[PDB]
Amino acid sequence: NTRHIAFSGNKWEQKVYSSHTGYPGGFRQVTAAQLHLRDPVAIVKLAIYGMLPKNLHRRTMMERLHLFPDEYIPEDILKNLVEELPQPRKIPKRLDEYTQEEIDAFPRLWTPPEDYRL
Amino acid sequence: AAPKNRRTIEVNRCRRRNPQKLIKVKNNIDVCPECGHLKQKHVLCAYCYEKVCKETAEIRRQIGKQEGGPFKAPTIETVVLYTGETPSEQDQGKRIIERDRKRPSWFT
Amino acid sequence: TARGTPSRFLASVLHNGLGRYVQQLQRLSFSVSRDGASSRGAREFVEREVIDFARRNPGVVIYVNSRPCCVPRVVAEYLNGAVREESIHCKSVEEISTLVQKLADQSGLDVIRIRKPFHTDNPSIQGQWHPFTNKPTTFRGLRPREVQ
Amino acid sequence: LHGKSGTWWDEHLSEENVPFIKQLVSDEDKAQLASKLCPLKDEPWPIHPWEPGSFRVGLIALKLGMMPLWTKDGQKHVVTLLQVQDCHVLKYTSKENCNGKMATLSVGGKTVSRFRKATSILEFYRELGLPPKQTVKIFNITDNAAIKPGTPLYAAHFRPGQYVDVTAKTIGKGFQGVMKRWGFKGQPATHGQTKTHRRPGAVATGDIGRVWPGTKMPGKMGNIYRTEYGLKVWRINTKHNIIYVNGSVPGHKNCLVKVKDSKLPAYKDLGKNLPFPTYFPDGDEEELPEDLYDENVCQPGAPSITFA
Amino acid sequence: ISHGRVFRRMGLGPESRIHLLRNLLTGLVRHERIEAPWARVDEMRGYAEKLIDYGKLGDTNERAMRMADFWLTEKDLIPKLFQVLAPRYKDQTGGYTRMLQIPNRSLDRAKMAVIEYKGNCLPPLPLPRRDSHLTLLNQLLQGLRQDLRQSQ
Amino acid sequence: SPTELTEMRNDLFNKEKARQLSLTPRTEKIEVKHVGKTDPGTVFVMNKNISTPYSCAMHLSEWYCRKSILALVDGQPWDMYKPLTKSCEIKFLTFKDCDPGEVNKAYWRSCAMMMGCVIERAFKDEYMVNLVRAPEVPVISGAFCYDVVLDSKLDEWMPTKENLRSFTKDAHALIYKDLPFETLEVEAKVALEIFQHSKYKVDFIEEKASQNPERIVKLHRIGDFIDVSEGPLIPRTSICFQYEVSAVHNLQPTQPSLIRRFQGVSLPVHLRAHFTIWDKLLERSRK
RNA sequence: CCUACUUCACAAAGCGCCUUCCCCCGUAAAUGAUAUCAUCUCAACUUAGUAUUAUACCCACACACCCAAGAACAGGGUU
RNA sequence: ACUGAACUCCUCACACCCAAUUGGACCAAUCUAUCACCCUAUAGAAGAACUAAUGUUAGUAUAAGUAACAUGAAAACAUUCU
Ligand SMILES: [Mg+2]
Ligand SMILES: [Mg+2]
Ligand SMILES: [Mg+2]
Ligand SMILES: [Mg+2]
Ligand SMILES: [Mg+2]
Ligand SMILES: [Mg+2]
Ligand SMILES: [Mg+2]
Ligand SMILES: [Mg+2]
Ligand SMILES: [Mg+2]
Ligand SMILES: [Mg+2]
Ligand SMILES: [Mg+2]
Ligand SMILES: [Zn+2]
């Protein structure tokens with residue numbers, strides 16, 4: 001589900017990935033949103049690549065990294081899986097997801113005047 | 001431009017022991033079934049060619065003795081005959097070059 | 001340097017301390033000159049200290065040659081077969097005494113870099129860590145995202 | 001003696017057997033080619049109708065040469081002759097394995113000797129039941145246009161007025177200096193110039209202390225694949241399988257060119273009237289004339305054009 | 001670029017190339033067998049064939065006579081060309097010469113060739129002979145030939 | 001068990017080998033003169049009944065060793081590994097001689113024998129296979145044949161293409177093993193003792209002992225496989241390069257037992273055939 | 001790229017001929033709260049608004065001679 | 001909170017981290033005295049120690065098997081031809 005990552009703040013629009021093709025005029029700067037639309041794995045791959053130690057083992061390590069844009073995973077990879085790591089960020093619930101019991105449990109904060117359009 | 005640093009023996013070995021520089025093994029060498037000599041497939045057997053060249057040189061020395069002078073190329077065919085050979089019917093009217101040795105087996 | 005030198009692991013000869021301690025030095029051979037200032041200290045050692053050392057170390061056979069070759073020496077042969085030759089050239093009596101005692105207390109193993117200051121044949125009692133220690137199991141051993 | 005001797009088919013054949021083998025193998029080749037002459041009677045794959053967005057297969061033709069041509073407006077167009085020589089579909093691969101998301105048809109042409117091909121290629125063509133082809137080119141197609149491997153293709157697979165793209169290896173000019181390769185101005189002939197008339201000038205600036213990748217430098221020119229887009233098909237000789245393509249085509253005479261429907265946007269949906277899967281002579285719906293002409297072509301034999 | 005260039009660049013130029021080939025051809029006409037660097041023999045083979053054709057054209061043909069006069073530096077060979085070589089090949093239409101590769105020249109290791117006019121009086125060259133028809137492969141192929149002849 | 005049969009046959013083979021070697025002890029220098037066209041007049045002094053035409057080739061050069069397939073010792077074809085007996089004239093025959101007919105026949109017999117080994121060690125244990133004979137067919141016939149009687153449990157079974165390809169793969173495994181062709185001139189008595197079980201081989205041995213003046217028979221072994229040879233064989237199995245078991249035709253007149261003729265075709269390293277020519281030869285080797 | 005023309009001549013060239021395909025964003029609007037009007041919105045939201053270049057190109061594991069391939073090597077052809 | 005030095009503590013040991021300069025303890029090899037007579041000792045001496053002077057001489061590398069150089073042709077090796 002690397003396609004469904006979430007960026008805090010306006011990083012989708014502000015974070016810029018810079019590359020150079022080597023040729024003159026070959027400097028390419030692409031926002032995170034554009035890079036994500038192009039490759040749904042690039043953002044996570046680049047984050048991991050930047051966090052890994054900058055030595056010759058880094059690409060051997062990156063060979064052990066398997067990124068899949070969506071829920072689908074190859075059968076052999078699935079059979080290899082051993083453990084699932086807890087998600088680092090707990091996803092906040094939406095109102096549509098809150099139960100009526102929970103809504104009721106939360107107190108009403110204020111008395112709205114009756115004569116108000118709302 | 002002059003070299004900026006002496007090239008090490010390690011670099012030099014990597015260069016001058018490259019396969020591109022190594023001599024390639026030839027695989028077109030075989031044995032001449034006639035005489036059993038080594039030859040390349042597309043080239044004439046060296047030994048057989050040497051035989052033919054020596055015999056040709058002897059025949060040409062005889063031709064030169066017969067002609068006796070520059071610019072004496074005959075206007076008629078030539079036939080080489082060895083000891084114990086006689087001009088055949090078709091050998092008539094052709095200059096005869098006589099060789100003192102016997103007819104070589106490879107010469108027909 | 002370590003990279004330019006051989007290295008070994010800490011070890012004893014035959015588990016030298018488990019059942020009993022066996023002195024690994026078994027032979028000392030002192031080649032000493034009757035004449036020559038180089039072996040004056042060795043001569044004094046033979047006169048004043050070799051007998052006491054011998055009776056202190058009954059397991060070590062000590063030979064005194066009184067006819068050296070190229071320098072006065074002490075050759076120490078250990079049970080494991082190692083032979084350590086030390087020149088006693090121009091050494092005082094006390095220097096020779098300390099050197100001989102060092103040879104006596106030392107084992108035949110090479111004096112090279114020792115990789116670890118410790119050596120356990122049984123490093124683990126509770127079980128060496130493997131990735132599955134501390135990992136909980138799941139019902140029917142179902143791997144993550146497994147349908148059944 | 002080491003055992004890596006390089007052998008050719010004739011090496012151990014006797015004088016009597018050489019001509020016999022030549023004749024036998026040539027007869028087999030022509031028999032195999034004839035066996036495929038009737039594809040529609042050989043379990044043809046479903047022939048779907050044309051739909052918008054459908055891409056059909058192309059051909060592999062041989063550049064015969066060039067000749068002039070005149071249009072009814074009186075203008076002369078140089079046209080190049082592309083002969084389809086034993087062009088057949090050889091292989092079909094699906095979107096998944098096409099290295100993309102569009103089916104692929106391999107097409108070969110210009111049958112060549114079997115004595116000069118690698119064992120793997122010979123086995124592939126033996127399974128296909130065809131003599132080996134000089135070049136195999138891959139065409140991206142939609143599944144609508146899939147054609148059973150082994151089916152022949154003909155010049156009439158195209159039609160006059162169509163626009164086509166022709167890709168081929170350009171003429172190889174070897175290592176060429178910068179003046180000929182990139183059209184550099186060079187340096188003056190006289191006025192003092194010493195030993196610099198055709199040389200590259202400065203190759204970079206002093207600051208970067210290197211040469212940028214992609215700098216134009218002397219090197220091998222030509223002998224690379226180039227495509228000419230949007231060439232009009234002026235005429236088709238069905239008898240000899242000749243396509244008359246407007247203008248110039250890359251590569252030398254007698255070189256194999258890959259010919260396909262033009263990809264230019266202006267000609268996006270002109271495939272309505274073209275034979276969608278391919279032209280099937282075996283279909284025999286209407287035996288085509290010997291020459292199909294575009295409307296504007298001044299056909300030879302017509303009365304002399306008068307601009308009345 | 002030398003696309004379609006059929007003539008080697010030899011000697012000191014075009015005239016020198018013609019003269020070199022002319023000397024080789026005169027030697028060939030005189031001796032009926034010549035050793036020379038492979039490339040020069042290859043270049044001169046076409047000229048040798050053309051001379052045989054010109055000699056076939058006839059002694060009385062002025063153009064053939066002029067061509068022979070130019071191409072044979074020793075003029076005693078012109079009667080030979082018009083009265084020995086041309087009559088010898090009157091039956092044939094081509095392939096008057098036989099060119100074979102020879103072991104590289106010892107001097108400079110040059111690729112060497114021997115070119116002869118077919119039918120000369122000299123001892124035959126050790127020509128390459130194909131495998132005997134009685135070999136295993138050739139017999140199997142003869143079996144194929146007989147079976148094909150019978151079946152079809 | 002078949003393994004025990006092979007073991008005991010090999011034991012008898014080695015016993016006869018040692019017996020003949022002992023019968024010929026010490027070293028008696030026999031003069032063998034090279035009468036071949038090339039290197040004429042050379043003489044090899046050789047160890048009687050120990051040295052071989054292969055040893056003479058080794059003396060001559062490596063080209064002779066690699067190219068020589070048979071020997072005409074005193075005008076008779078001798079296997080390159082068959083010990084020389086008496087002073088003689090020797091000439092080495094290759095595959096490319098002007099008249100290689102003898103070499104072709106020897107190659108044909110050796111290929112048939114290899115096929116026989118493959119056949120006998122191919123089928124599953126339960127089925128029983130009886131190697132009747134290697135009929136002597138001309139090379140023009142296009143395929144060397146080996147006759148075998150399979151079990152009644154298989155008389156209704158015809159090999160599939162995959163079975164035939166497995167036979168070819170086994171033959172190529174044998175070629176890769178490159179086992180020398182061992183020979184023995186063995187009297188009919190010991191030959192019959194070795195082949196007591198195989199009735200077909202017993203009667204063939206009787207036929208051969210009748211044909212020849214004495215009761216001397218030609219036994220040949222590649223490895224663990226011993227068979228009666230109609231004549232001299234190839235030195236080694238690596239001489240074969242292209243080898244294919246092409247077909248199995250059931251002989252029409254089979255009332256008592258069903259004789260299946262395994263047909264195959266081979267070409268040596270010296271005479272490799274291009275892929276297409278080989279395919280045509282394969283096609284014609286299925287008749 | 002060579003059909004013509006021209007330099008030329010079994011071919012290389014231009015002075016000759018042939019082919020060349022989507023955009024980028026500054027603003028202008030819709031509904032609408034904070035601030036019940038209004039408000040294009042670093043409010044939620046709806047358009048102009050699109051790069052996520054579209055493609056095309058290339059894709060056959062395994063002597064000698066000739067070549068439009070080529071410095072060598074490599075490449076293609078030899079049915 | 002933790003991390004964090006050659007700081008400090010800890011076990012053991014301590015003369016053992018500046019330029020110029022200065023003080024000092026040792027010392028390779030050589031020769032001499034006298035020893036030793038084995039390859040050393042105590043002394044007296046001195047052409048008494050070389051990773052460095054575009055150092056001197058010699059050797060051999062690198063550049064590099066590179067730049068460069070050379071034989072008109074055939075032939076009967078007589079000769080002829082260009
Ligand atoms: Mg200019
Ligand atoms: Mg100039
Ligand atoms: Mg030159
Ligand atoms: Mg710390
Ligand atoms: Mg401190
Ligand atoms: Mg000094
Ligand atoms: Mg020094
Ligand atoms: Mg110096
Ligand atoms: Mg050098
Ligand atoms: Mg250089
Ligand atoms: Mg040079
Ligand atoms: Zn020869």
Side-chain angles (χ1 to χ4, degrees), chain A residues 10 30 34-39 116-118, chain B residues 2-3 5-9 12 16 20 27-28 40-42 57 60-65 70-71, chain C residues 33 35-38 40 68-71 89-90, chain D residues 5-8 11 22-23 25-26 29 65-69 76-80 99 112-116 118-121 124 134 136-138 140 165 167 170-172 174-175 220 223 225-231 246-255 263-266, chain E residues 1-6 11-12 16 19-20 22-24 26-28 30-31 34-36 73-74 101 107-108:
Chain A
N10 292 88
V30 70
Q34 303 173 250
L35 180 61
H36 196 57
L37 264 292
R38 171 204 307 169
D39 192 4
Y116 197 76
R117 266 290 313 280
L118 183 147
Chain B
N5 283 107
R6 176 183 176 279
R7 277 210 288 209
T8 66
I9 184 61
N12 288 335
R16 70 185 58 144
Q20 187 260 350
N27 53 3
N28 48 12
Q40 283 186 131
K41 286 182 197 305
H42 58 291
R60 278 171 177 167
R61 287 181 194 94
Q62 296 301 127
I63 281 173
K65 287 164 55 177
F71 316 123
Chain C
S33 177
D35 295 332
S38 52
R40 181 187 62 183
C69 188
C70 305
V71 65
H89 173 81
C90 290
Chain D
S5 183
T7 183
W8 57 107
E11 189 174 10
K22 281 184 180 180
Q23 188 266 337
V25 184
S26 72
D29 282 353
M66 314 191 72
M67 68 162 62
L69 178 144
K76 173 180 144 291
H77 297 96
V78 191
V79 70
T80 177
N99 309 356
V112 291
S113 173
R114 309 216 290 271
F115 302 133
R116 311 294 180 174
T119 303
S120 60
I121 298 171
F124 162 80
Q134 190 173 323
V136 178
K137 290 303 178 54
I138 297 171
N140 298 340
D165 294 350
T167 178
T170 57
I171 290 164
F175 199 107
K220 301 265 203 290
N223 202 30
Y225 284 104
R226 282 289 197 259
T227 309
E228 284 305 309
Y229 297 94
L231 306 180
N246 185 47
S248 297
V249 165
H252 58 91
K253 275 182 295 296
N254 313 311
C255 201
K263 73 161 206 85
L264 265 65
Chain E
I1 310 166
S2 67
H3 297 340
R5 300 282 184 263
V6 290
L12 306 171
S16 183
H19 289 307
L20 276 182
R22 196 166 68 164
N23 286 347
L24 287 172
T26 297
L28 179 62
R30 171 168 300 281
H31 309 289
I34 294 297
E35 299 180 358
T73 64
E74 298 143 20
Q101 186 166 348
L107 168 79
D108 50 16

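Throughout, a chain's letter reflects where its sequence line sits, starting with A, and its residues are numbered from 1.
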Determine if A45(H) and its strand neighbour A46(H) meet both stacking conditions: ring centres closer than 5.5 Å and an interplanar angle below 30°. yes
Syn-anti status, with the boundary at 90° from 0, for the nucleotide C25(G): anti
Between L20(E) and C70(C), who's closer to the 5' end of RNA chain H by nearest nucleotide? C70(C)
Look for any protein N or O under 3.5 Å of an N or O in nucleotides 31-38 of chain G and output each such pair with its distance, or none.
none

Touch check for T7(D), heavy atoms < 4.0 angstrom, all strands: base, sugar-phosphate only, or nothing? nothing
North or south sugar for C17(H) (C1'-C2'-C3'-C4' positive means north): south
Assigned partner base of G4(H), Watson-Crick or wobble definition, under 3.5 Å: none
Less than 4.0 angstrom between a side-chain N/O of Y225(D) and OP1 or OP2 of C59(G), yes or no? yes
Quick one: label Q134(D) by what it contacts on the DNA or RNA (base, sugar-phosphate, nothing), any heavy atom closer than 4.0 Å. base
Please identify the 5'-most and 3'-most nucleotides of RNA chain H with any atom under 4.0 angstrom from a heavy atom of chain C. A36(H) to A41(H)
Please classify the sugar of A49(H) as north or south using the torsion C1'-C2'-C3'-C4'. south
Taking the six-membered rings only, are the centres of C37(H) and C38(H) under 5.5 Å apart with their planes within less than 30° of each other? no
Mate of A67(H) across any strand shown (Watson-Crick or G-U wobble, both atom pairs under 3.5 Å) is none
Which part of the nucleic acid, if any, lies within contact of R22(E), taking any heavy atom under 4.0 Å across all strands shown: a base, the sugar-phosphate backbone alone, or nothing? sugar-phosphate
By nearest heavy atom, map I34(E) and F71(B) onto RNA chain H; which one lands nearer the 5' end? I34(E)
Would you confirm whether the neighbouring bases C37(G) and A38(G) count as stacked, given the thresholds of 5.5 angstrom between ring centres and 30 degrees between planes? yes
North or south for the sugar of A58(H)? Use the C1'-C2'-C3'-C4' sign convention, positive meaning north. north
Test if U30(H) is paired with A45(H), treating Watson-Crick and G-U wobble as valid and requiring both distances under 3.5 Å. yes
What does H31(E) touch in the nucleic acid at a heavy-atom separation under 4.0 angstrom: a base, only the sugar-phosphate, or nothing? base
Which part of the nucleic acid does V249(D) contact within heavy-atom distance under 4.0 Å: base, sugar-phosphate only, or nothing? sugar-phosphate
Checking all strands, does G4(E) fall into the base, sugar-phosphate, or nothing category for heavy-atom contacts under 4.0 angstrom? sugar-phosphate
Determine, with a yes or no, whether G44(H) stacks on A43(H) under the 5.5 Å centre and 30 degree plane limits. yes
If each of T170(D) and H3(E) is mapped to the nucleotide of RNA chain G with the nearest heavy atom, which maps nearer the 5' terminus, i.e. the 5' end? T170(D)
Check whether the six-membered base rings of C27(H) and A28(H) have centres under 5.5 Å apart and planes under 30 degrees from each other. no
Looking for any heavy atom pair under 4.0 Å, which part of the strands does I121(D) touch: base, sugar-phosphate only, or nothing? base
What about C18(G) and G70(G): are they a Watson-Crick or G-U wobble pair, with both distances under 3.5 Å? no
Output yes when at least one side-chain N/O atom of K220(D) is less than 4.0 Å from OP1 or OP2 of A74(G), else no. no
Any idea if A51(G) is syn or anti, going by the 90°-from-0 cut? syn
Should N246(D) be listed as having a side-chain N or O under 4.0 Å from OP1 or OP2 of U19(G)? yes
Could you check which nucleotide pairs with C65(G) in any of the strands shown, counting Watson-Crick or G-U wobble with both distances under 3.5 Å? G77(G)
Work out the sugar pucker of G70(G) as north or south, treating a positive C1'-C2'-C3'-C4' as north. north
At under 4.0 Å between heavy atoms, what does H77(D) touch on the DNA or RNA strands: base, sugar-phosphate, or nothing? nothing
State whether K137(D) places a side-chain N or O below 4.0 Å from either non-bridging phosphate oxygen (OP1 or OP2) of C58(G). yes
Check this one for me: any side-chain N or O of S113(D) less than 4.0 Å away from OP1 or OP2 of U79(G)? yes
State the pairing partner of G23(H); accept Watson-Crick or G-U wobble contacts with both distances under 3.5 Å, and report none otherwise. none
Base-pairing assignment for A11(G) (Watson-Crick or G-U wobble, both under 3.5 Å): none
Mind checking if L35(A) touches a base, just sugar-phosphate, or nothing, with heavy atoms under 4.0 Å? nothing
